[PDB]
Amino acid sequence: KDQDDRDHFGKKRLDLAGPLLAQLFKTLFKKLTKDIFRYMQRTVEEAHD
Amino acid sequence: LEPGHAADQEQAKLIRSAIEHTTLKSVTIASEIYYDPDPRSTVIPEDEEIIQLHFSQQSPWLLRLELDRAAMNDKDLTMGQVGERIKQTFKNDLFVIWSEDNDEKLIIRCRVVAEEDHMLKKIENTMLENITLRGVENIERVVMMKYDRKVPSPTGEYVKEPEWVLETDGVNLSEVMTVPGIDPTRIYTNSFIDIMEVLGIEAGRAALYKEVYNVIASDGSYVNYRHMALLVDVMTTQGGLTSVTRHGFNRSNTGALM
Amino acid sequence: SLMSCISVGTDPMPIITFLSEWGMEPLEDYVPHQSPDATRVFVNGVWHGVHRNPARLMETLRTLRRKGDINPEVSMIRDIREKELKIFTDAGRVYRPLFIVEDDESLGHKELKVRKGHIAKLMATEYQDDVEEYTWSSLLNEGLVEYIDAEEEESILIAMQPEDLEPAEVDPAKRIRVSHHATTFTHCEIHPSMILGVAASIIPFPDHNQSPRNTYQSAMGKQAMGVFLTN
Amino acid sequence: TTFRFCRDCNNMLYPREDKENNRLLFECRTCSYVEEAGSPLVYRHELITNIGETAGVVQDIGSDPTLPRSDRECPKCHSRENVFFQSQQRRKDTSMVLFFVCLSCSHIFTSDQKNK
Amino acid sequence: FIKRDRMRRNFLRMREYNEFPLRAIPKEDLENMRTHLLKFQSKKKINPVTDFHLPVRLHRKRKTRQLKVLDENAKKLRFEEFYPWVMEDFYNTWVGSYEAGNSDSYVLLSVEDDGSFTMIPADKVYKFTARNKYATXXXXXXXXXXXX
Amino acid sequence: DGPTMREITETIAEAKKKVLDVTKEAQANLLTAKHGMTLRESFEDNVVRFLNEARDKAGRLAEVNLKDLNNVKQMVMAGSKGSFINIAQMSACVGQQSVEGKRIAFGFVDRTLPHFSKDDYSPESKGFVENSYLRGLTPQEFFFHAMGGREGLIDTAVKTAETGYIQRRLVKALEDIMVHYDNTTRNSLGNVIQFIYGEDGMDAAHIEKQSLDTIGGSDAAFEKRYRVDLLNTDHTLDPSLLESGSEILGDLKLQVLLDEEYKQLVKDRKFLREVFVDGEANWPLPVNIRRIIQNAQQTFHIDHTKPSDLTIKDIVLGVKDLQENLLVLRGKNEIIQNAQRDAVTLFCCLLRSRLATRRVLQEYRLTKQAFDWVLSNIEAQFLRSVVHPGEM
Amino acid sequence: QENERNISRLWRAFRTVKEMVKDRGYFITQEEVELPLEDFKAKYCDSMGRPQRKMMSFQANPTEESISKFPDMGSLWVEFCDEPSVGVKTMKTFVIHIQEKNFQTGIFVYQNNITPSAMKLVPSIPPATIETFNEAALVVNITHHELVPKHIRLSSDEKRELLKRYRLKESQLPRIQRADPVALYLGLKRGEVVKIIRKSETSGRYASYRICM
Ligand SMILES: [Zn+2]
Ligand SMILES: [Zn+2]
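Protein chains in written order, with the deposited numbering: chain A, 393 to 441; chain B, 1120 to 1175, 1187 to 1243, 1254 to 1398; chain C, 540 to 668, 675 to 714, 723 to 784; chain D, 2 to 117; chain E, 21 to 35, 97 to 142, 327 to 355, 358 to 415; chain F, 672 to 1063; chain G, 3 to 215.
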C-alpha cells in the first residue's frame, strides 16, 4: 500500500461558527462554573451570607 | 575517454565494468538456510550434482543462495570470481561452494567451522550489504553518450568527431581518477567542491566559473565575462571557497559598521 | 463552488443500533479463523464488528438512505480491495448534490431516476408561485438526487452531460468530447458550470480563456464599483 | 518460514539441533514440548518479491462498477465477459502486465505473451 | 444561442417434530442466586470441571472547605468489585475477568429431565484464563535481564 | 480552413494510434526500457513525446495555413507581441497539460478523475487537451489547465521571493569594490581581487563581437591570403593592385618583412589554437575595424579598379608603429610592461590579422590618407575603450 | 594479475615523482622521465617479479639555473618504503640518514599510512623539511590537467620587487593554503610568492600572484 495521502479533501474537516462557538462557549462555561464554585468556597469558608 | 580509444563501445563497456559499483545483493534472487549435519553429504536431491563435482569438523548448518542469471549478464560476473571474493573476504572460517554457469539454477552454499542459525543470519547481512563484487564506491548508472567533439583537422578547420563519453550518477573523483583506461588529464565534476579538494585552488576557481556560467546559459541569457570573473575571483581571494552568506563576509574584518 | 455545502453532523447511535439487528457480529466475538471473509464495519473510525453479508446490508442501508430515513449528509464508503466500509457522519465534510443513475429500466439500458413528470410538477410549483408542494426536498425523499462528499467520490462513477454519455450510439466547430464505453455510471453531474465559484461565474465563456486570466478576473471582481444594497 | 506453535503454550517453536541422533527438532523454550522435523528448511529471505501483485481478489470482484470491462475470452470457459486490472503490488519496478479475471469460473489469466 | 428569458409565457401557455413448553422460574431463585457465564482461554477443547479434580474452589482474591468531583451508580458498584475470583484445587489455576460487552441479551435454556426448558436471564459473563501453566517469573530479574 | 482542420485531426489521430500501440505493447510486456529509467518512465516519455510532436506538427500546419492578411501573422513577423506557440494553441491544439513536469497523477483510486475508469493510461484521461481555445475546452481538460495555471502562479511567486533574497545577498556581497587610479580592482581595505578590471581593462559599454581572421579559414586559404611572395611564383603579388607593383616585385627586403609578418601570424594562429580549443572565432573585443574601413572607403571615395599608392613597408611598419601606441597602463617598469603586453596580445593579434598587406592592397585598396586615418581611428577608439578609474 | 597492476601503478607514480622533482628545479633529463615500463621492471624488479622500492630511492641535484636563481637551494634525497604501515623506526632511519648526508630537504613516500609519532618527528631538524606523500596520491600528476594553469615559484628579490611596484603588504595578496596539492607539489613554505600563468578567454595570457599562508 502507498503512503497515506494527506491532501485528500475528504480527510479534511471545515469549521464554521458552530464548532468555534462550541469550543469558545465550552471554555467560557467551564470558567464560569469554576468561578461560581470559587464564590461558594469563599462564602462557606469566610462564613457569610 | 582517451583520444586513442574513441568511438568505441566495447572499451567504454570495460571502463563501465571497472568503475560501476556492484554488490552481491544485486545478483541475489533469494537465499535459504538448511540443516544438513553431515558436511559432505547433502539431503537435497538436486544439489547432489554439485556435491558430485565441487568436492572431488564443520558446522551442521548450511547457508545457501541463488543468483539471477540476468544479473550475472547485465553485471558481468563469474560464479568463480564471486566465490573468490567471499573466500578472500571471510578467509578460511567459512567454507564455500558455488554452482557452474552451465547450471540452469545458480547455487551457492557455505558453512562454518548456541544455535548456528543466528550466526548464519549475521553472515547473511554481511554477504548482501558488505560485499562489493566490482567497481569503486559511490558510482551508479553509468550512461553511454555519443558527444561530438570539435577537434582540428589537418585541413586547417575544426571537425566534429563523435566519441563515447561516460555520464555518471553519484560522485567519487579521487578513486575514478586513478583507474587505468581513461584520461587522467581530463575529467569534470558538477560538484566544484571536490574539484577544489583534489585538483587545488585554481581548478576550484575555473570550475566555479563554469558552474555559474552554466546556469546563465541555461536561462537563455548573456552576461559579460567581466562581471562573472569578478564574482568568481572574490569568492577565491582568501584561499579555498568562501560562502556568500552572513557567515561568509561578516566573519572577516571590514569595519564593525560594514 | 456554487453548490458545495458543509455537513453539520448527526447521531451515529441509531445506525449502530440498526446494524446489530441484521446479524452484525460484535468485535469481541470475532475469530479470523472461523470467519476470514467477514467484512469489517466502521462507524466514524470505530470498529464495532464485522458482517458476513455486506451486499444485502449495503443495499439495505442505501435504500434506507435514499428514502430520507438517514440524514443525506452521512457519507458511506465501501472499499472493496481494502475490505472495509467506512461511515462518516461527523461535521465538517464538504459535499455536493448529484443525480442518481439506474441501470434496470424498462427501455433496456441505463437511465436517470428523475423523469419528465417530476420536472413538470416541479416547474408547475415554481411558476405557480394551484400548488403541488413539489420542491427540492420532495426530489430528495423520492430517491432522485444524493449528496456526495470527497470520500464517497472515490467509489462512484460520475457522468458529465446526461444526454451525451448515458445513451448508446459532427460539425467541426464544436469541441471534441470523450466516448461512452463506460457502462457502470452510478451518478451524473448536474451541470459542469457549477464547479466554478462565485467570482468565476461572472466570466463569459471561461472555457475559451486561459486559467490565469480567469484568476485575475476573479480577483478584480471583488473590488469593482456597483450597487451592493438598496438601503 | 511457515513455523508451528507449541501445544498449550502456543508459543513459536524455535529450531533445536539434535546432536544425539543428529537431526533437526522444534522446541518451545517455555516448556518441554519438542517435536520432530519434517523438513530441513528453516529460513527463507526471498529478496526479489513478486507476490502481492494479484492481491485483494474477492468473490464479489465482478460487481465492482469502478473496474473496467474487456471482450477477451477466457482460455478455460471461453467467456468474453471479464474484468481486468494490473498488479496490486505497488513498486517502482512493477510491470504493467494486465490481469484478466473471468466473470464465470473466477479464473485469473494474465495477458503476458512472453512468460505465462 | 441566447438566454431564453420568456419562459413565463411558454409555461403559462403550456400549463418428526417434538413440542416442549417453556416456563419462567419464580423470581425467588433469581433473588437467591445470580447467574454468570463461564468461558475458558486455554484452546484445549475438553477441560471439564470433573477433570479439574477436587476440591474445586472459586473465591475472590487539616484542610478547610474543599471540592469533590462526582460519579454515578452502576459504574461505582462495578468499580468497587475490582477483585477477580479464581478456581483452584489444593495444581490448576483459573482466573476470570469481566466481559461487560457480552451482557445485552443472553437467555439461558436450562434443560431438565423432561423435554421442557427453564429460561433464566444472564446477569453477567466472565472469561476464565488458565493461569500458571509453566510456573516461572522474576520482576527485577527480568528488568535487569532485559537491559542486555 | 477546413482541409487544415482535417489535417490537424488526422495528425492528432495518428499520434493517438501511436500511443495506443505503445500502450498495448506496454500492457503485453513486450517493451524493454533503456538504461537509466524504468518501463513507466520510458512509456511516459514516449507518450509525451508523441503528443508534443503532434501538437507541434498541428501548430506548424495551422501556421502555414494562415495568410499574410491576418493581423496576428503581421504581429508575429513584426516581433512585437505574439509567437508560434500562441497561434499553435489557439488555431491548432493546446497540447499536453503537465504538472511538475509529469503527467496528471491519480488523485483518486487508480484514476485522475471519478469520471473515467480505473487503470486508464489513455492520453486523453492523463491530461491531453485535444480541443482548442476557439471551440472551447471540456471540464476534465479545464480542470487540468487550472492546475497548470495555479502551478505557474505559485512557481512565479516562489521564483520572485527567492530572487529578492538572492538580489540582497549579491548587492551586499559586492559593494565596497571599485577600481582606483592604477587600473587595479581592489576593495576598500586594499585587498586586490583583480590586478586588471575584467582582465583587460575595458569597460562593458564599448565591447563588440568581433571575428578572428587568424584561426578562421583552411590552411590553403591561410597561405593563400597571408603570403605575398616577391621572388617566388607560388603566392606572387598582382602588380595591378598598386601603382608601383612593377618595382615591388624582386625586392628582398620587403619579402623578408613579409616573412616576419607571416611568421608572426602563424605564431598568433598557434597561440589562438592553444587559447580557444572550441574552434569559435567570434569573441567580444573593443574597437570595430569594419566600420572604420567602410567609413574610410566611403569617405575617401575608394572604389574598385583603383591602384593604391601604398607599399609593403608602409603597411608593415604602419602596423608595427600602431602596436606600440596601444597603451592601457601608464607605467614603465618590467611588470607593468609585461602586464600591458599580456593584456594587449589578443588585440594586437586581431589588428595583425585584419591589417595584412594582401587584405589592404587587394580588397580594401586603401591609399595613404585613408590608411593613416584608419590607424588614427583605431588608436583613438582604443584610447576611448579604456575603462575609467573610479567606477563601481 | 594484481602484481602487474601494482607494478604499473608504482611506475606511473614513480614517473609522477620524477616529474614533480623536475618541476622543483632538480636536474633530471627528459629521457630519465620518459623511461618505459619494461625497463623499470627490468631494473627495479627481482627475478620473482616483486618490485624493490628500496632500490628506487635516489638522489636529486638542483640545476644550474635553480642555483643561480636560488643560491640557498640544496640537493634532495628521495626514498620510498616497502612496509605497508610505516613505523617510527623507519622514520628515525630516514631523519638520521638525512642529518648524516646533510640534505636541505627530504621526500618520503609511504604506501598506506604512517604512525602519528613519526609525523610528529618531522619538524625536528631546522631549517630542513620532510615531505610525506602517499603512493596512491602520486599516481596521477595534477599539473598535467587542463584546469590547472602554470605555477612558478618566485624568489625574495622578485617578491620585494613585486610588493614595491604594486605597493602591497604581504597580507594584501591573494592567499593560498599550504594544504593545496599544488603547494605540496611545489613544496611551498610560509612567505613564498608564486606566479600563476593562466590562459584567459579575454586577454589570452593572464598572470596572477599568490602567497602561502
Ligand atoms: Zn510450550
Ligand atoms: Zn473463465
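All C-beta atoms, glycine included, are put in the ideal place defined by N, C-alpha and C.
Residue i Cβ short of 7 Å to ligand 2 heavy atom set
i: D:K77; result: yes
i: D:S112; result: no
i: C:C741; result: no
i: E:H134; result: no
i: D:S71; result: no
i: D:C106; result: yes
i: D:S33; result: no
i: D:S80; result: yes
Interface residues of chain F facing residue i [CB-CB closer than 8 Å]
i: G:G51; result: Simply none; closest approach about 40 Å.
Cβ shell of residue i (< 8 Å), same chain only, five flanking positions each side left out
i: G:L186; result: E133, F135 and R180
Chain E contact for residue i (CB, 8 Å cutoff)
i: D:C32; result: yes
i: D:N51; result: no
i: C:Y666; result: yes
i: A:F429; result: yes
Chain A within 8 Å of residue i, Cβ atoms only
i: C:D629; result: yes
i: C:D694; result: yes
7 Å Cβ shell around residue i - same chain, five flanking residues per side excluded
i: B:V1162; result: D1155
i: F:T885; result: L936, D939, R940, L943, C1020 and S1024
i: C:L600; result: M615
i: G:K103; result: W79
i: F:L808; result: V800, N802 and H816
i: F:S917; result: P910
Beta-carbon proximity list for residue i, same chain, < 6 Å, skipping 5 on both sides
i: C:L684; result: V690
i: F:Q994; result: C1019
Any non-hydrogen atom of ligand 1 within 7 Å of residue i CB
i: E:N399; result: no
i: E:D390; result: no
i: D:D9; result: yes
i: E:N359; result: no
Neighbour flag for residue i against chain F, beta carbons, 8 Å
i: D:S40; result: no
i: B:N1364; result: yes
Short CB-CB distance (under 8 Å) between residue i and chain D
i: F:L710; result: yes
7 Å Cβ cut-off: residues of chain D touching residue i
i: E:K394; result: The premise fails here: E:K394 is roughly 16 Å from chain D at the closest Cβ pair, so nothing lies under 7 Å.
i: E:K108; result: By Cβ distance, chain D contributes nothing, its closest Cβ being about 43 Å from E:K108, past 7 Å.
Contact set between residue i and chain D, taken where Cβ atoms lie within less than 8 Å
i: C:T739; result: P66
Proximal residues of chain G, C-beta to C-beta of residue i below 7 Å
i: B:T1377; result: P176
Proximity test, Cβ basis, 8 Å: residue i and chain G
i: F:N862; result: yes
Amino acids of chain D, ordered along the chain, whose beta-carbon sits closer than 9 Å to that of residue i
i: B:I1335; result: Neighbours of B:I1335 on chain D: none; closest Cβ ~33 Å, over 9 Å.
i: E:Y358; result: Going along chain D, no residue has its Cβ under 9 Å from E:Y358, so there is no contact; the nearest lies around 15 Å.
Proximal chain B residues relative to residue i, where beta-carbon distance stays under 8 Å
i: G:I198; result: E1342
i: F:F893; result: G1296
C-beta neighbour in chain C for residue i, strict 8 Å
i: F:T809; result: yes
i: A:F401; result: yes
i: F:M849; result: no
Proximal chain J residues relative to residue i, where beta-carbon distance stays under 7 Å
i: G:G193; result: Protein chains A, B, C, D, E, F and G are contained in the structure displayed, whereas chain J is not.
Within chain F, partners of residue i - CB distance below 9 Å
i: residue 219 of chain G; result: With chain G running from 3 to 215 in the structure shown, residue 219 of chain G is simply not present.
Members of the stretch 692-724 of chain F near chain D, C-beta cut-off 8 Å: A697, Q698, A699, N700, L701, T709, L710, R711 and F714
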